[PDB]
Amino acid sequence: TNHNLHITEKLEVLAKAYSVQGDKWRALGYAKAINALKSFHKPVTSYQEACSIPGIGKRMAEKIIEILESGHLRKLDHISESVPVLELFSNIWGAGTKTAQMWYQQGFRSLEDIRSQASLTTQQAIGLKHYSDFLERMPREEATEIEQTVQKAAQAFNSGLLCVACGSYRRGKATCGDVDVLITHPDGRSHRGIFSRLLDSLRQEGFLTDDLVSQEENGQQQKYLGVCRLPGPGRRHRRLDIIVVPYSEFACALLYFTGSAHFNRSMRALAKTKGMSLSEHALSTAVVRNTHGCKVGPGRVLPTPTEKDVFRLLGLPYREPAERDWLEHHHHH
DNA sequence: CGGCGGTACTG
DNA sequence: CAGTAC
DNA sequence: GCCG
Ligand SMILES: Nc1nc(=O)n([C@@H]2CS[C@H](COP(=O)(O)OP(=O)(O)OP(=O)(O)O)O2)cc1F
Ligand SMILES: [Ca+2]
Ligand SMILES: [Ca+2]
Ligand SMILES: [Ca+2]
Ligand SMILES: [Ca+2]
Ligand SMILES: [Ca+2]
Ligand SMILES: [Ca+2]
Ligand SMILES: [Ca+2]
């Protein structure tokens with residue numbers, strides 16, 4: 001299936017390195033190049049053939065060929081030494097490249113330097129203490145019980161609540177980095193005020209152990225990012241994301257929350273090429289205009305009762321969640 | 001060359 | 001606003 | 001990094 005496996009691995013390493021150093025557009029370019037190589041019907045055999053692939057240009061071709069001809073890749077040996085520390089610190093939830101760079105510049109190089117001397121935000125403290133647990137992907141079966149726990153707690157308040165696990169789970173993966181639960185109610189109204197009760201119920205049984213992003217001052221709270229742990233001996237703490245949306249938003253919210261991230265970006269960039277805007281709330285025939293410039297013209301939602309509607313309105317055929325790794329990847333079936 | 005998804009918290 | 005996240 |  002992947003005919004250029006030897007080449008992708010090396011480019012990933014390189015990609016990773018730009019990512020932790022904060023060079024994101026460059027990291028973006030690599031990611032796309034890499035998926036394109038993985039998609040290709042055959043080993044790449046010439047520079048020309050490589051350049052012909054969308055997402056692969058001159059610099060990437062040079063490296064691709066260099067690998068194929070000479071077998072390894074020079075540049076992997078000039079990767080700055082800070083990189084693995086930087087990846088280490090960016091693996092703390094709530095710490096990104098800026099924080100990892102600050103930490104590096106004040107001399108920390110291990111998790112101990114962080115624990116014992118770093119200034120940590122509230123979120124980082126939690127990410128640090130669950131560092132290992134949050135690094136481990138969970139099996140699909142743990143995700144199912146996490147989701148059921150949320151669904152039962154919800155359906156105890158209102159049995160008409162719809163709860164669905166999205167993310168990699170809904171794309172059919174075997175393991176999940178974190179569970180993503182989307183809650184709605186078909187009557188258009190009774191999704192309102194749910195979070196207060198749902199979080200309280202989930203806390204009482206001891207299932208939620210820490211909160212990361214949860215603005216509970218707001219009765220119209222839309223999201224919860226926190227930490228759960230299933231009951232029973234030896235269970236790990238897992239990342240849990242819950243969104244509560246109005247039914248009219250369901251299709252767009254389902255699409256967003258199913259992902260993948262690259263898939264959603266490409267869908268969104270497509271919508272904009274066609275004078276629309278795609279968000280987790282809606283698809284909108286929205287457009288700019290600002291007296292010698294551009295701006296906000298919030299341009300009215302197109303109703304999309306299902307995900308198929310969103311695909312149709314963008315000129316695309318429905319894509320099964322399992323085939324939503326990348327938009328530009330066409331699986332046959 | 002400039003743009004690269006669109007949005008929600010936290011501090 | 002900057003940082004980080006989804 | 002690549003693309004229009
Ligand atoms: N940057 C992102 N934009 C997105 O639109 N998403 C969307 C919203 S949540 C949905 C799933 O993303 P996750 O980050 O939980 O990633 P995942 O479920 O695909 O994979 P994993 O098993 O959780 O590692 O994708 C995620 C992003 F990280
Ligand atoms: Ca190309
Ligand atoms: Ca991080
Ligand atoms: Ca369910
Ligand atoms: Ca996930
Ligand atoms: Ca998630
Ligand atoms: Ca809070
Ligand atoms: Ca440039």
Side-chain angles (χ1 to χ4, degrees), chain A residues 11-12 14-37 50-64 75 89-103 119-127 134 166-168 177-182 195 211-218 220-226 239-245 249 252-253 255-274 276-284 286 288 294 296 298-299 314 327-328:
Chain A
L11 293 178
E12 280 179 314
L14 220 278
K16 180 65 209 150
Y18 282 117
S19 198
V20 310
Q21 298 181 249
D23 187 350
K24 50 160 168 165
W25 301 131
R26 191 169 270 112
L28 188 60
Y30 273 81
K32 296 170 173 190
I34 287 170
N35 185 241
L37 289 170
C51 295
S52 80
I53 293 163
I56 289 169
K58 157 189 154 45
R59 304 182 63 75
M60 200 72 39
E62 285 164 352
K63 314 196 167 71
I64 291 172
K75 189 165 196 180
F89 294 173
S90 277
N91 280 147
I92 297 160
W93 201 100
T97 66
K98 300 308 182 161
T99 293
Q101 195 203 331
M102 199 201 54
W103 289 344
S119 301
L120 290 163
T121 57
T122 301
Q123 287 174 164
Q124 287 167 189
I126 289 159
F134 292 173
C166 310
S168 53
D178 77 12
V179 195
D180 311 276
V181 180
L182 170 182
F195 263 123
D211 302 330
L212 294 158
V213 170
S214 179
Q215 180 62 106
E216 280 161 63
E217 100 162 3
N218 182 9
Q220 291 74 242
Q221 177 177 356
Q222 295 170 58
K223 71 195 179 157
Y224 176 75
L225 319 187
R239 284 273 297 102
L240 180 56
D241 298 341
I242 302 177
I243 307 306
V244 178
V245 306
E249 291 187 3
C252 285
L255 195 60
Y256 157 85
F257 228 36
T258 298
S260 69
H262 290 301
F263 185 85
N264 293 352
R265 294 216 219 191
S266 292
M267 291 273 274
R268 281 173 197 215
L270 185 76
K272 191 203 290 179
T273 54
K274 303 164 158 269
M276 276 170 290
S277 180
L278 173 61
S279 84
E280 51 254 57
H281 301 293
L283 173 72
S284 287
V288 305
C294 49
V296 82
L314 296 174
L327 214 224
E328 27 306 278

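The basis for the numbers below is simple: all heavy atoms, side chains too, and nothing from hydrogens, waters or symmetry mates. Letters A, B, ... are given to chains in the order of the sequence lines, protein chains preceding strands, and every chain is numbered from 1.
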Inset, instruction - Looking only at side-chain atoms of A:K272, point me to the closest of B:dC9, B:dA8, B:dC4. - result: B:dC4
Legend entry - Selected nucleotide, minimal atom distance to A:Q222 side chain, candidates B:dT10, B:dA8, B:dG6: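 Between B:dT10, B:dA8, B:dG6, the one nearest the side chain of A:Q222 would be B:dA8.
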Legend entry - First and last nucleotide of DNA chain D, 5' to 3', lying under 4.0 Å from heavy atoms of chain A: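 Contacts span D:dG1 to D:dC3, reading 5' to 3'.
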Legend entry - Donor on one side chain, acceptor on other, A:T121 and A:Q123, under 3.5 Å: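 Not at all, the side chains of A:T121 and A:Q123 share no donor-acceptor pair under 3.5 Å.
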With sequence neighbours excluded, residues passing side chain to side chain donor-acceptor pair (under 3.5 Å) with [X]:
| X | result |
| --- | --- |
| A:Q222 | none |
| A:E217 | none |
| A:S260 | none |

Indicate whether OP1 or OP2 belonging to [N] is found under 4.0 Å from a side-chain N or O atom of [X].
| X | N | answer |
| --- | --- | --- |
| A:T122 | B:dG11 | yes |
| A:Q215 | B:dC9 | no |
| A:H281 | B:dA8 | yes |

Inset, instruction - Assign a letter to each nucleotide of nucleotides 1-6 of chain C from its 5' end: B, base within under 4.0 Å of a protein heavy atom; S, sugar-phosphate only; -, no contact. - result: --SSSB
Inset, instruction - Would you mind classifying the nucleic acid contact of A:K75 as base, sugar-phosphate or nothing, using non-hydrogen atoms under 4.0 angstrom? - result: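 The answer is sugar-phosphate, as A:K75 gets under 4.0 Å only of primed atoms, P, OP1 or OP2.
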Inset, instruction - Just call it for A:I243: base, sugar-phosphate, or nothing, with non-hydrogen atoms closer than 4.0 Å on any strand. - result: nothing
Could I get the full list of ring pair (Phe, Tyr, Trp, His ring centres under 6.0 Å) partners for [X], not counting sequence neighbours?
| X | answer |
| --- | --- |
| A:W103 | A:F89 |
| A:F195 | none |
| A:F257 | none |
| A:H281 | none |

Inset, instruction - List in numerical order all residues of residues 51-62 of chain A for which some heavy atom is under 4.0 Å away from an atom belonging to DNA chain D. - result: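 Output list: A:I53, A:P54, A:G55, A:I56, A:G57, A:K58, A:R59, A:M60.
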Inset, instruction - Sequence neighbours left out, what passes side chain to side chain contact (heavy atoms under 4.5 Å, CB included) with A:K58? Give chain and number order. - result: A:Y47, A:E62
Inset, instruction - Taking atom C1' in both C:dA5 and B:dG5, compute the distance separating them and give it to the nearest angstrom. - result: 14 Å
Side chains of residues 21-37 of chain A: which donor-acceptor partners sit under 3.5 Å, not counting sequence neighbours?
{"from": "A:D23", "atom 1": "OD2", "to": "A:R26", "atom 2": "NH1", "distance (Å)": "2.6"}

